[PDB]
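Some notes on the structure that comes next.
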Amino acid sequence: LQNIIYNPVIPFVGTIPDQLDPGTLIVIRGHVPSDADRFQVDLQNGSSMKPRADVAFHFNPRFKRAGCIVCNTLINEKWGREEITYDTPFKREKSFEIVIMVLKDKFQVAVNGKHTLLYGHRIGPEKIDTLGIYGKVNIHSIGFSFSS
Ligand SMILES: O=c1c2ccccc2c(-c2ccc(Br)cc2)nn1CO[C@@H]1C=CO[C@H](CO)[C@@H]1O
Ligand SMILES: [Cl-]
């Protein structure tokens, strides 16, 4: 595991230094502030703002009501079909560790050691070169364990 950054200012946008081949792990440690409505981790094809970079995997915990996680893909500035997970491990004022495991056909995400969700690839993961973190969240570290 090689961290590309510790204690980043949010929003954070950084280049991923190698390809997300099957078997790659992405590890993100952080904490949800007590007033958060949402945050997201986006695996992107570049960092353009105008027009907005494609988002292969948008991982979006939301804290209203019972809480949920929304996952989606942005292609050519259009969102696709939301996949919503209602069994969410995130909570306001609680710390987490996210592990994203890149498989051949999907991502598999676990939080605090416990399986959270799966998300099938809609953009080839080879096209991902950038990681962004947005919203109301405190991040301790972002790192990669590359299968290369
Ligand atoms: O709600 C936000 C948001 C909130 C705080 C900070 C950033 C954002 C951003 C945002 C915009 C550009 C860039 Br670059 C990075 C983040 N988008 N949305 C909007 O998020 C969407 C709203 C509804 O559903 C979509 C998923 O289906 C998505 O969550
Ligand atoms: Cl697979």
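Quick note on naming: the chains in the structure tokens go A, B, ... in the order shown, residues restart at 1 in each chain, and ligands are numbered from 1 in order of appearance.
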Next on the checklist: When DSSP is applied to the backbone of this structure, which of stretch 75-140 of chain A are assigned strand (DSSP E or B)? Write them out as a PyMOL selection string.
Outcome noted: chain A and resi 75+78-79+83-85+95-102+106-111+114-120+130-135+138-140
Put those residues in a file: C-alpha atoms, as a CSV table (one decimal), in the first residue's frame.
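Below is the file out.csv, written as the result:
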```csv
chain,number,residue,atom,x,y,z
A,75,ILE,CA,-20.5,9.8,-19.2
A,78,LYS,CA,-24.9,12.7,-18.1
A,79,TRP,CA,-25.6,10.5,-15.1
A,83,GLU,CA,-27.8,2.0,-7.9
A,84,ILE,CA,-28.8,2.7,-4.3
A,85,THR,CA,-27.6,0.7,-1.2
A,95,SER,CA,-14.7,7.3,11.3
A,96,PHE,CA,-14.3,4.9,8.4
A,97,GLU,CA,-11.9,2.9,6.3
A,98,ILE,CA,-13.1,2.3,2.7
A,99,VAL,CA,-11.4,-0.5,0.7
A,100,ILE,CA,-12.3,-0.5,-3.1
A,101,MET,CA,-11.3,-3.7,-4.7
A,102,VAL,CA,-11.1,-3.5,-8.5
A,106,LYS,CA,-17.0,-4.9,-11.0
A,107,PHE,CA,-15.8,-2.9,-8.0
A,108,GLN,CA,-16.3,-4.4,-4.6
A,109,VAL,CA,-16.4,-2.1,-1.6
A,110,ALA,CA,-15.9,-2.9,2.0
A,111,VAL,CA,-16.0,-0.4,4.9
A,114,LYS,CA,-17.4,-5.5,6.3
A,115,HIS,CA,-18.7,-5.9,2.8
A,116,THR,CA,-20.8,-2.9,1.7
A,117,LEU,CA,-21.6,-3.1,-2.1
A,118,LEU,CA,-20.7,-4.1,-5.6
A,119,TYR,CA,-20.8,-1.9,-8.7
A,120,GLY,CA,-20.4,-3.3,-12.2
A,130,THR,CA,-7.8,10.4,-11.4
A,131,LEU,CA,-9.4,10.2,-7.9
A,132,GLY,CA,-11.6,13.0,-6.5
A,133,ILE,CA,-13.1,13.4,-3.1
A,134,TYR,CA,-15.8,16.0,-2.6
A,135,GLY,CA,-18.4,17.1,0.0
A,138,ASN,CA,-12.4,14.6,6.5
A,139,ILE,CA,-9.8,12.4,4.8
A,140,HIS,CA,-6.7,11.0,6.6
```
Next on the checklist: Please identify all protein, DNA and RNA residues within 8 Å of ligand 2, counting only C-alpha atoms and all ligand atoms, and report them as a VMD selection string.
Outcome noted: chain A and resid 103 to 106
Save the residues we just selected, N, CA, C and O atoms, as a PDB file, in the first residue's frame?
```pdb
ATOM      1  N   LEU A 103     -12.142  -5.459  -9.505  1.00  0.00           N
ATOM      2  CA  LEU A 103     -12.175  -6.807 -10.104  1.00  0.00           C
ATOM      3  C   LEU A 103     -12.335  -6.662 -11.622  1.00  0.00           C
ATOM      4  O   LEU A 103     -12.585  -5.539 -12.127  1.00  0.00           O
ATOM      5  N   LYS A 104     -12.300  -7.797 -12.345  1.00  0.00           N
ATOM      6  CA  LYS A 104     -12.416  -7.757 -13.799  1.00  0.00           C
ATOM      7  C   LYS A 104     -13.719  -7.087 -14.246  1.00  0.00           C
ATOM      8  O   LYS A 104     -13.729  -6.281 -15.181  1.00  0.00           O
ATOM      9  N   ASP A 105     -14.817  -7.414 -13.570  1.00  0.00           N
ATOM     10  CA  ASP A 105     -16.122  -6.980 -14.025  1.00  0.00           C
ATOM     11  C   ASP A 105     -16.814  -5.969 -13.129  1.00  0.00           C
ATOM     12  O   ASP A 105     -17.861  -5.459 -13.509  1.00  0.00           O
ATOM     13  N   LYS A 106     -16.286  -5.714 -11.911  1.00  0.00           N
ATOM     14  CA  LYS A 106     -16.971  -4.852 -10.952  1.00  0.00           C
ATOM     15  C   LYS A 106     -15.948  -4.287  -9.972  1.00  0.00           C
ATOM     16  O   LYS A 106     -14.849  -4.826  -9.851  1.00  0.00           O
TER      17      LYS A 106
END
```
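One finds atom CA of residue A:76 at 26.2 Å from atom CA of residue A:37.
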Checklist entry - Hey, what's within 8 Å of residue A:62 if we count only C-alpha atoms and toss same-chain stuff fewer than 6 positions away? As a list in words, please? => result residues 37, 38, 39, 68, 69 and 70 of chain A
Dump C-alpha atoms for the selected residues as a short mmCIF file (atom, residue, chain, number, x, y, z; two decimals), in the first residue's frame?
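Final output, saved to again_21.cif:
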```cif
data_model
loop_
_atom_site.label_atom_id
_atom_site.label_comp_id
_atom_site.auth_asym_id
_atom_site.auth_seq_id
_atom_site.Cartn_x
_atom_site.Cartn_y
_atom_site.Cartn_z
CA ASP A 37 -25.36 15.72 4.26
CA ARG A 38 -23.21 13.78 1.78
CA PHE A 39 -19.73 13.18 0.39
CA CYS A 68 -27.93 5.42 1.98
CA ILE A 69 -25.16 5.12 -0.61
CA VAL A 70 -25.80 6.15 -4.21
#
```
Checklist outcome for this item: Expressed in Å, the length from atom CA of residue A:145 to atom CA of residue A:47 is 21.7 Å
Checklist entry - Neighbours of residue A:142 within 9 Å (only C-alpha atoms; same-chain residues fewer than 3 positions away dropped), as a PyMOL selection string? => result chain A and resi 2-8+26-29+139
Residues of the last selection are to be written out with N, CA and C atoms, as a short mmCIF file (atom, residue, chain, number, x, y, z; two decimals), in the first residue's frame.
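Now in result_25.cif:
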```cif
data_model
loop_
_atom_site.label_atom_id
_atom_site.label_comp_id
_atom_site.auth_asym_id
_atom_site.auth_seq_id
_atom_site.Cartn_x
_atom_site.Cartn_y
_atom_site.Cartn_z
N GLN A 2 0.71 2.07 -1.05
CA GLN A 2 1.42 3.33 -1.21
C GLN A 2 0.40 4.47 -1.27
N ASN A 3 0.46 5.35 -0.25
CA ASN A 3 -0.41 6.50 -0.11
C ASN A 3 0.09 7.57 -1.07
N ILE A 4 -0.80 8.20 -1.83
CA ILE A 4 -0.44 9.34 -2.68
C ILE A 4 -0.58 10.64 -1.89
N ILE A 5 -1.32 10.61 -0.75
CA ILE A 5 -1.54 11.80 0.02
C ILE A 5 -2.02 11.49 1.45
N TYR A 6 -1.59 12.32 2.45
CA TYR A 6 -2.13 12.34 3.81
C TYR A 6 -2.81 13.68 4.11
N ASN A 7 -3.94 13.64 4.82
CA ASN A 7 -4.68 14.80 5.31
C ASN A 7 -4.93 15.81 4.22
N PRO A 8 -5.44 15.44 3.05
CA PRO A 8 -5.71 16.40 1.99
C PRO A 8 -6.82 17.37 2.34
N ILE A 26 -7.87 0.23 -3.51
CA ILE A 26 -7.85 1.64 -3.19
C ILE A 26 -8.33 1.78 -1.73
N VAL A 27 -7.51 2.38 -0.85
CA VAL A 27 -7.79 2.45 0.57
C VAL A 27 -7.91 3.91 0.96
N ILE A 28 -9.03 4.30 1.57
CA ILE A 28 -9.31 5.67 1.95
C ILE A 28 -9.78 5.68 3.41
N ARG A 29 -9.01 6.34 4.28
CA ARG A 29 -9.36 6.47 5.69
C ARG A 29 -9.84 7.88 5.95
N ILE A 139 -10.54 13.50 5.36
CA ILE A 139 -9.78 12.40 4.84
C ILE A 139 -8.39 12.35 5.47
#
```
Item to check | Two-atom distance - atom CA of residue A:1, atom CA of residue A:146 (Å) | outcome: 7.8 Å
Item to check | Nearest-residue call for ligand 1, choices A:72, A:34, A:19, A:45, using only C-alpha atoms and all ligand atoms | outcome: A:72
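Distance annotation: of A:127, A:137, A:30, A:87, the residue with the minimal separation from ligand 1 is A:137; atom set is only C-alpha atoms and all ligand atoms.
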Item to check | 8 Å contact set for residue A:33, only C-alpha atoms, chain neighbours under 2 positions out, as a ChimeraX atom specification | outcome: /A:31,35-36,92-94,136-138
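Checking A:54, A:13, A:147, A:112 one by one against residue A:80, counting only C-alpha atoms, you find the shortest gap at A:54.
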